[PDB]
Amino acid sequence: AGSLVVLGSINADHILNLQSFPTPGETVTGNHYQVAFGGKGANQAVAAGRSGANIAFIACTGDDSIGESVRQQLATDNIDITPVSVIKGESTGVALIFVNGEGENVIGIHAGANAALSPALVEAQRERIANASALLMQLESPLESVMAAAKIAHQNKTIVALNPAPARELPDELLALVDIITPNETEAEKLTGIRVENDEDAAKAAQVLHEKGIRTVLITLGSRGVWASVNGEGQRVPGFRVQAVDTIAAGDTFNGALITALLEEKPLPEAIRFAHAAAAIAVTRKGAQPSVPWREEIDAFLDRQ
């Protein structure tokens, strides 16, 4: 099948489950603590890899021991880590995550080596990006780097897939180069200025994105699935119903598995189905990367449906 390049961050996630988020000056004690591999780019690369994509990963670790471990792990996740650079004198990214009794989380991130993923590292991968069928990125990498790689993909008819997370505003210049974008509700509001409270809102935020030049807009709607729109023709694809347990990286899982399905030439709806399945398994498991399902598991889930 087609060839995927993911470009994004790598973190070590520290996750503490608690009842309520601490308020300023406060101290709370948690009930479960976990250390695992995270980072939006790595989570997405792992969802692609484990889903069965031909994927290569552009990213940076620091020169430390954790960076060493994550590289070895990534290689076992069906990912070509040849373009994963090692930044001398730099530490591997870290995320500190609190998850409350509802399942809401807040996240603090130490960028470390992720900030060292520069336009010049992108340019060194020109050829790789020019030959890929698709390029998938998020916003935990330097914007200038996302922009440089989007330009190369566009020049070379590589599908640009952008998951605009974490939330922030983005220039028209970037948005015009994107073919598929996957905002959640907060992002869609941040990018279009339209608050997304229902399917009719979803279709409105989508329209503003189609006029920015983006043909395929998917607005994830949490447990309400996704609003999928292709130049203005839109419908909701409900997700599967499961006993959720951990939502971190659900969207990561969804993006990685979406692109995998699309590059197998499955049509959008079959592909969203594939993806919704993968995420639903993911929300029944703990942590980010440990939660990411394998193809066989995603295929066994769909048969059971």
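Basically, rigid core = biggest C-alpha set you can superpose within 1.5 Å across the two forms. Numbering starts at 1 and follows the sequence shown.
> Taking C-alpha RMS after core alignment, which stretch differs more from the shown form in 4 other deposited structures of this protein: 121-129, or 99-107?
Stretch with the higher C-alpha RMS distance in 4 other deposited structures of this protein: 99-107.
> Could you check whether 30-38 or 233-241 drifts more from the shown form in 4 other deposited structures of this protein, using RMS Cα distance once the core is superposed?
After superposing on the rigid core, the more displaced stretch in 4 other deposited structures of this protein is 30-38.
> Would you determine, from the values in the PDB entry, which of 21-29 and 5-13 has the greater average C-alpha temperature factor?
Higher of the two, by average CA B-factor, is 21-29.
> Got a sec? Mean C-alpha B-factor, which is higher, 260-268 or 35-43?
Result: 260-268.
> Out of 235, 216, 92, 131, which one has a C-alpha B factor higher than all the others in the entry?
So the option with the highest C-alpha B-factor is 235.
> Out of 157, 195, 168, 126, which shows the largest CA B-factor listed in the entry?
Checking the PDB record, the top C-alpha B-factor among 157, 195, 168, 126 is at 195.
> Select lowest, middle or highest to describe the third in which the CA B-factor of residue 88 falls within its chain in this entry.
Answer is highest: the recorded C-alpha B-factor places it there.
> Lowest, middle or highest third: which one holds residue 273 when the chain's residues are ordered by CA B-factor from the entry?
According to the entry, residue 273 has a C-alpha B-factor in the chain's middle third.
> Lowest, middle or highest third: where is residue 201 by C-alpha B factor in its chain?
Highest third.
> Which third of the chain does residue 248 land in by C-alpha B-factor: lowest, middle or highest?
For residue 248, whose C-alpha B-factor we compare with every modelled residue in the chain, the answer is the highest third.
> Comparing residue 173 with the other modelled residues of its chain, is its CA B-factor in the lowest, middle or highest third?
Tercile = lowest for this residue's CA B-factor.
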